[PDB]
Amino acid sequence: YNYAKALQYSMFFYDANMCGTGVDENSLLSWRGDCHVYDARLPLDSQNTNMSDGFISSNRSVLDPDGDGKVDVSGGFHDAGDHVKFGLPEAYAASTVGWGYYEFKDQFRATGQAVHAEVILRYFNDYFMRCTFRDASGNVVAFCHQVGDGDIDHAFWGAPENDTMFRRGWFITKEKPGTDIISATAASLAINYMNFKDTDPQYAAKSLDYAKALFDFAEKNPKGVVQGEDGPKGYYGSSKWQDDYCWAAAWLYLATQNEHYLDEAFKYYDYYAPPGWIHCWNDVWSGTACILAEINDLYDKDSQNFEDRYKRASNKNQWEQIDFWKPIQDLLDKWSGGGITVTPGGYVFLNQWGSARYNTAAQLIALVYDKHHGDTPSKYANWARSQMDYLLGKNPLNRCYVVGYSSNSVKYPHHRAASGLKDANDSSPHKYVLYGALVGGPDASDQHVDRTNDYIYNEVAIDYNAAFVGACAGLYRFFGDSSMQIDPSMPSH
């Protein structure tokens, strides 16, 4: 149960999912090369994209300044074990990994893993920026949130480098709401600014500029979530846009101290939501609550100004009790204190689809709470540790759910590239080790089937590994020893 090594390994899943013309330059995995490079030359028309003929006609000079009739929506990361790039979870992974790097930068540095983190975060955010088509004044005209289609992509199984199937570009326009994805993306870029403002001021400024523009687009235009027919159909069904909107707003206030953003956050912030679910691609209310609480600690610790402003904004009585950290304390008491179902084996299980993804998100929140409350481990961090240790092998199957981490790790993740096979049903060993991938996890009875075609319990994804990265760093922060060394034989930048 070496958290330094866990942190190191955790990011390699991202190298395995890098997409586009920049993968041999950015990925540390020799078995990954440039893929879907035709994404970089997507034809600008109403069939290869989902923008109307009229929209393209009126906006051609901004969408295609050079006039070669093609746009570049290449880059970023494949979503899961598949090759589609879905906007909602793409932004969730980018912001959540960024969220962890922002909170525990000291640990990434102490373990020599900060450079790896920055390469991954730059790859996520540079993709978002290239996909944000703005006029010269900075106004967002269109945002490509998805490349590919589950309906088409899932019908194939092979290395991404050899794929040639149709990969449509889906764009958000002022003609139809896309508030959830636009906001989720703006949040990531605002976090990118926070992560690079001291280290690369110019790059940070660019990220912040794009973040503010995206948020303004979300703010100014009619509200709604991107619909299934406009790209994610049943793969990533979005519940709402208000949490992503508030998440972006909170981060933008942190980045700019422009009161307007805090006012927007307070206008839609559901104080009752955090304790309900946990941080995930379809609900970032808990993460939002954490940021608003840190904002309060930073700028309004000894007074009730922010609390009273929030009550006025969400029309609550002035005497209602509001403590920005309380919703998260409730969430954590629920997760660490017996509120959420725990398996006979001692694993806190929300539900079977990506239980590990939910568990590690709770771990992250637990570690962030302790950091901001004396920066010392409490029952929350201690609980988080018990959960990470379960996932690392302290369970009924003595099974490590992080592939490649140990001899007892799962070995057959549901992943096209790593498998090196032509069919998920083929039971042969994988040609490559998908180091650091956190699989769906065990079922409610601590059982697990380690097969390439077990798409529930062996599923892997950018959103699955997102909070997991931060949790490892957070655990190293409070529990790392001199005995916890990174693996010197792993590829490095």
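From 1 onward, residues are counted along the sequence shown.
Asks: Should the higher mean CA B-factor in the entry be assigned to 157-165 or to 139-147?
Replies: Comparing 157-165 with 139-147, the higher mean C-alpha B-factor belongs to 157-165.
Asks: I need to verify one thing: averaged over C-alpha atoms only, is the B-factor higher for 398-406 or for 185-193?
Replies: So the stretch with the higher mean C-alpha B-factor is 398-406.
Asks: Go through 198, 103, 283, 297 one by one and give the residue whose Cα B-factor in the PDB entry is largest.
Replies: Checking the PDB record, the top C-alpha B-factor among 198, 103, 283, 297 is at 198.
Asks: Taking the chain's C-alpha temperature factors as the reference, tell me which third residue 49 falls into: lowest, middle or highest.
Replies: For residue 49, whose C-alpha B-factor we compare with every modelled residue in the chain, the answer is the middle third.
Asks: C-alpha B factor of residue 352, ranked within the chain: lowest, middle or highest third?
Replies: Its C-alpha B-factor, which the entry lists for residue 352, ranks in the highest third among residues of this chain.
Asks: Among the modelled residues of this chain, does the Cα B factor of residue 33 put it in the lowest, middle or highest third?
Replies: Tercile = highest for this residue's CA B-factor.
Asks: Per the entry's values, where does residue 436 land by CA temperature factor relative to the rest of its chain, in the lowest, middle or highest third?
Replies: Middle third of the chain for residue 436's C-alpha B-factor.
Asks: Thinking about Cα B factors across the chain, which third does residue 274 belong to?
Replies: Residue 274: CA B-factor falls in the lowest third of its chain.
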